[PDB]
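Student: Structure of the sequence below:
(chains A, B, C, D, E, F, G and H)
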Amino acid sequence: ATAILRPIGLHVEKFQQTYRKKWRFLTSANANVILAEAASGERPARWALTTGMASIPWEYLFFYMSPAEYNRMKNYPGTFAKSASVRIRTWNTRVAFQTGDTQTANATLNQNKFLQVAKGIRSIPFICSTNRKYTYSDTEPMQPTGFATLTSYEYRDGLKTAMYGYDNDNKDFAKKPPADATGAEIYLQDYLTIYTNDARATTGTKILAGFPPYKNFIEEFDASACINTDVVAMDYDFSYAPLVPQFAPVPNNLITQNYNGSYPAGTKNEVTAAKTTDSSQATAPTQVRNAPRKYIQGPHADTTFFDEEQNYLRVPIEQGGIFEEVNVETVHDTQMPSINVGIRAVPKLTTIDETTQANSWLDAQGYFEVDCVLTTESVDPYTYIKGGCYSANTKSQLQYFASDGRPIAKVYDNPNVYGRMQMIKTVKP
Amino acid sequence: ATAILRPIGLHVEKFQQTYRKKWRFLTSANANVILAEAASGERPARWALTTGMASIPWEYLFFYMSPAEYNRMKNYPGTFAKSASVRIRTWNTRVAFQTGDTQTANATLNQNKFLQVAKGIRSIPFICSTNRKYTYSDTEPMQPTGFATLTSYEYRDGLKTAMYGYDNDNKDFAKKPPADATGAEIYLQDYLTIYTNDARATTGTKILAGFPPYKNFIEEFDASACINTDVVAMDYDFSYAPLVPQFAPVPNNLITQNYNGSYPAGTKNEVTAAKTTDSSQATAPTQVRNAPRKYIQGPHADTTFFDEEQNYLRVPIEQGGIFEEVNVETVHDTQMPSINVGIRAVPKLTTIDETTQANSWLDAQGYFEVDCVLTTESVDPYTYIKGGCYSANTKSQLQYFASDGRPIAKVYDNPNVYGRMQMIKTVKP
Amino acid sequence: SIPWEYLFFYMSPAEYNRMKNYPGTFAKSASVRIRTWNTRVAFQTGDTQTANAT
DNA sequence: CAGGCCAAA
DNA sequence: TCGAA
DNA sequence: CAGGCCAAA
DNA sequence: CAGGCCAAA
DNA sequence: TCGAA
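Tutor: Numbers count the residues shown, from 1 in each chain, chains lettered A, B, ... in the order given. Next comes the structure:
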């Protein structure tokens, strides 16, 4: 029996794209200094311990694609970032022969040079560190004396501007040449900071534990023997990272009266649940299903997130748990490792009258070549004969939305709770 | 590249302790007699069938550790009971040559001697038996004629007092010498009882099924050939049995404003759910998440259970489902098997005028040597530099609590529902 | 001098405070390994008239 | 043929 | 990895 | 290429 | 010894 | 098959 027709299925076309960048980063060797941070609003008073390792923003999309590539990627609905990779190699670390001070400087040819690398500090439940930018002192450029007012969003925007230049019509175009074009370096200014409670104003019982021994969670290498060596090599397969909303399916409300019918889910959890926790132990953890969310494509689409391009540099690529699909699915929380690299401050040769850490430090700079690759995928269904692409109903996607209309997304700038990332409302640019 | 520092992690010290005891138990061979139990409150009128197998309280902590060991175990936070083991061996069973009656007793050298063993009766959905203490008749000491007023808590307290003696300052110190010191025996007085509905007062439709054939679920051996033989050998690995609350973690509320932030749990169930069922079929089963519970260590700790030592002899060791952890976890209901051993009553040689069971029974006693071992573990984190031990945030533990403040715990004394244990409020000592 | 004969050289205050809770604690052994890195010598002192940097 | 049902394995 | 295989 | 989606396996 | 905890594997 | 083995 000859078969004139066979179930060939749909005509689905899948596209794959890869993006490569190479960056050169200069990080200063900040001293380990305790700084007092005043209480403000929900933030209590806390002591802050600065550290010299600068963070590598490999969790954001601008780190991988240029504005032109992002603008063209906007034209392919259903774009999912499948994988990312980053390799950090280190070059010769530079240490000043002698500081600006001359009376007691004792310039030296010999030098001790150590490189610190951290990979999982952000996910450690008890460290509760975060990324901050400091304001250095005039006499000791390696000694932080406060915190800059630049937020994480502003820091990443400035870094992207340094990477890709301005527009040709901008008056400040001559200030920052495109690093992607020139191959120059980009000074990194965001460094890790450990935190501990400030018990001076505490009334009643006090916690006097001090800082945790965070040095036990970082690698340290002799920078003299690390010249031209691979220091970091990380790969990350994204669980769910929709960069462009899927194609809008043909609504079944215009065809069938059955569109609102229910069907049994059984014991399987078809709807994602949001978990609220209280680290102050004043309230037990709560899990809530049917969280406020709405579709990101279709008749009642709310594309605020993608229109705002929050995923470019304001929100990380990895967004598992945030986005739900109507397909029978399983969803788990996802987060990315945090890469921190930097040179330890070199103590000055001058003597110290009492047993304590170094009082002055030599200027130092590390040289890091970062090679990053991002691989994505796209889908075009061609479900219907006419009217362009339409996707299947089971591919409909919803995003968590606040009661005030702002979408909810992951952020990696806030310290973790229970070794977990935190969902927060996106802020309009 | 030489590594001066490496990620050695935390300094966590783990301690393991084991407790061994050997007990000698004497159990009487009660007759199988139907007793009428009157209705009281929620309890309906029911017929009760006594059985001669005494229960072995291997699910309680006093069975394994002495008061001194328990008092010292209180000093190791994070004490989890990892395993338990019990071996029961039987010695020569004793049967009276002739009872107090002399007119019709017919003393005999020959004797039939049978030993009954039951292991899973408590978990059988339809038997609905329970452990009870009887009040014997004067003429027939092997024939129960009612129920004693001693509850399970009182019976276990008396058994513990018999095992470990009184305090040296107590006036009753000379009454009960410590069995753990002397090696003497301990008369067991708690025996199994089958139940069935009493249809005499029932109005309308009636269930006239009678007693279930519980003899099909018990082993029976010839006690003559069992002299000095291992009868029972049971091992039990505890799923979750916290004996001392974990070390209080450093609260993140004193450090970060992020402590109250939420994070997506996905389709995974991070919060344990309580299930309420109705065997009367007047209401469908209900599953409720976010059950009332509160932390057992930390700033807002409620240590009522452990302060009351309910886990010593009032509440079983196994408490799965009751205790929740903030760590990403999976929880399932847990229960322990019930060991019942005892000699069957020996009918008197006197003849019976009609076809029925024995009217009088010879006195009998079984001799059981019980060897029990309990293995536990402990953890000391040393997370922070100063101020003693502090645990990680993800190790925070919550316990179910009633709306009136009494904690909720498992009890094995009540009959099962749907082959499942029942949660009930603990009672203050 | 290397103060390797004292207890603070080995245990932090938290470890010492918890060790206080175990009666009968006997220190059975101690070990110390000292490794040396590059020694630093000044190119020239504060004096400049007769210093002869080398 | 005992541990969240047994007539399921 | 709330038995454990 | 049929059974809780298929463009997943 | 980095990805939803580590003192679990 | 919201990493992936």
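
Student: Next one: the spatially most central residue of chain A from DNA strand H, what distance?
Tutor: Using Cα atoms, centre = their mean, the residue of chain A that lies closest to the mean C-alpha position is residue A:59, 4.0 Å off. Distance of residue A:59 to DNA strand H, given as Cβ to the nearest atom of the strand, to the nearest Å: 14 Å. C-beta: built from backbone N, CA, C; applies to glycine.

Student: can you check residue A:421 too?
Tutor: Separation of residue A:421 from DNA strand H (Cβ to the nearest atom of the strand) stands at 13 Å.

Student: My guess is that residue contacts residue A:411. True?
Tutor: Yes. The pair residue A:421 and residue A:411 passes the contact test of Cβ atoms under 8 Å, sitting 7.5 Å apart.

Student: Can you tell me the closest non-neighbouring residue to the residue of chain A found nearest chain B?
Tutor: Closest to chain B within chain A is residue A:321: 3.0 Å, counting by Cβ to the nearest Cβ. Distances taken as Cβ to Cβ, 6 or more residues apart in numbering or on different chains place residue B:264 nearest to residue A:321, at 3.0 Å, with adjacent residues excluded.

Student: In the beta-sheet assignment, what are the partners of the one you found?
Tutor: For residue B:264, the beta-bridge partners under DSSP bridges are residue A:274.

Student: if I look at the residue of chain A found nearest DNA strand E, how far off is residue B:293?
Tutor: Per Cβ to the nearest atom of the strand, residue A:285 is where chain A lies closest to DNA strand E, at 12.0 Å. Distance, residue A:285 to residue B:293, by Cβ to Cβ, to the nearest Å: 9 Å.

Student: okay, and the common contacts of these two?
Tutor: Residues touching both residue A:285 and residue B:293 by Cβ atoms under 8 Å, 6 or more residues apart in numbering or on different chains: residue B:398.

Student: Give me the neighbour count for the residue nearest to residue A:321.
Tutor: Residues near residue B:264, counting by other Cβ atoms under 10 Å in any protein chain shown, number 28.

Student: How about the one 4 residues further on?
Tutor: Residue B:268: 19 surrounding residues under other Cβ under 10 Å.

Student: Show me which residues of chain A sit near DNA strand G.
Tutor: By the rule Cβ under 7 Å from any atom of the strand, the part of chain A lying against DNA strand G is A:119-120, A:122-125, A:234-239, A:320, A:332-338, A:418-421.

Student: Could you pick out the buried ones from the residues you listed?
Tutor: Buried subset of the residues of chain A next to DNA strand G (neighbour count, 16 or more other Cβ atoms under 10 Å in any protein chain shown): A:119, A:122, A:124-125, A:234, A:236, A:238, A:320, A:333-336, A:338, A:418-421.

Student: Go through stretch A:319-333 and flag the buried ones.
Tutor: Using 16+ other Cβ under 10 Å as the test for burial, stretch A:319-333 gives A:319, A:320, A:321, A:322, A:323, A:324, A:325, A:326, A:329, A:331, A:333.

Student: do that stretch and DNA strand E meet at all?
Tutor: No. Shown here: stretch A:319-333 not in contact with DNA strand E (Cβ under 7 Å from any atom of the strand), separated by at least 13.9 Å.

Student: at contact distance from chain B, anything in stretch A:144-159?
Tutor: No. Judged by Cβ under 8 Å from any Cβ of the partner chain, stretch A:144-159 stays clear of chain B, getting no closer than 13.5 Å.

Student: Let me see the residues that make contact with that stretch.
Tutor: For stretch A:144-159, using Cβ under 8 Å, 6+ apart, the contacting residues are A:30-31, A:33, A:35, A:37, A:48, A:50, A:57, A:60, A:62, A:131-137, A:186, A:189-190, A:313-314, A:411, A:413, A:427.

Student: and these, which of them are in strands?
Tutor: Under the assignment DSSP state E, those contribute A:35, A:37, A:48, A:50, A:131, A:132, A:134, A:135, A:136, A:186, A:411 to strands.

Student: How about the first one: which residues does it bridge to?
Tutor: In this entry, residue A:35 is beta-bridged to residue A:48, by DSSP bridges.

Student: In chain A, spot the helix with the most residues.
Tutor: In chain A, taking DSSP state H as the definition, the longest helix is helix A:152-164.

Student: Could I get the contacting residues of the closest residue to DNA strand D within the stretch 201-350 of chain A?
Tutor: At 12.6 Å from DNA strand D, residue A:267 is the closest residue in the stretch 201-350 of chain A, using Cβ to the nearest atom of the strand. Listed by Cβ under 8 Å, 6+ apart, residue A:267 has no contact partners.

Student: Confirm residue A:376 sits in a strand?
Tutor: Yes. Assigned with DSSP: H, G, I helix; E, B strand; the rest coil, residue A:376 falls within a strand.

Student: so it bridges to which residues?
Tutor: According to DSSP bridges, beta-bridge pairing links residue A:376 with residue A:17, residue A:81.

Student: What of residue A:361?
Tutor: Residues in beta-bridge contact with residue A:361 (DSSP bridges): residue A:347.

Student: So it sits against residue A:349, correct?
Tutor: No. Taking contacts as Cβ under 8 Å, residue A:361 lies outside contact range of residue A:349: 10.9 Å.

Student: Neighbour count for those two, which is higher?
Tutor: residue A:361 (24 against 20).

Student: check contacts around the more buried one.
Tutor: Per Cβ under 8 Å, 6+ apart, neighbours of residue A:361: A:29, A:31, A:140, A:142, A:143, A:345, A:346, A:347, A:348.

Student: one more time with 6 Å
Tutor: With contact taken as Cβ atoms under 6 Å, 6 or more residues apart in numbering or on different chains, residue A:361 is in contact with A:31, A:142, A:345.

Student: Please apply the same query to residue A:91.
Tutor: residue A:367.

Student: From residue B:1, how far off is it?
Tutor: From residue A:91 across to residue B:1, the span is 14 Å (Cβ to Cβ).

Student: re earlier: any of the ones in strands among the contacts of stretch A:144-159 buried? List them.
Tutor: For those, buried by 16+ other Cβ under 10 Å: A:35, A:37, A:48, A:50, A:131, A:132, A:134, A:136, A:186, A:411.

Student: which of those lies closest to residue A:104?
Tutor: Proximity of those to residue A:104 (Cβ to Cβ) peaks at residue A:136, which lies at 20.4 Å.
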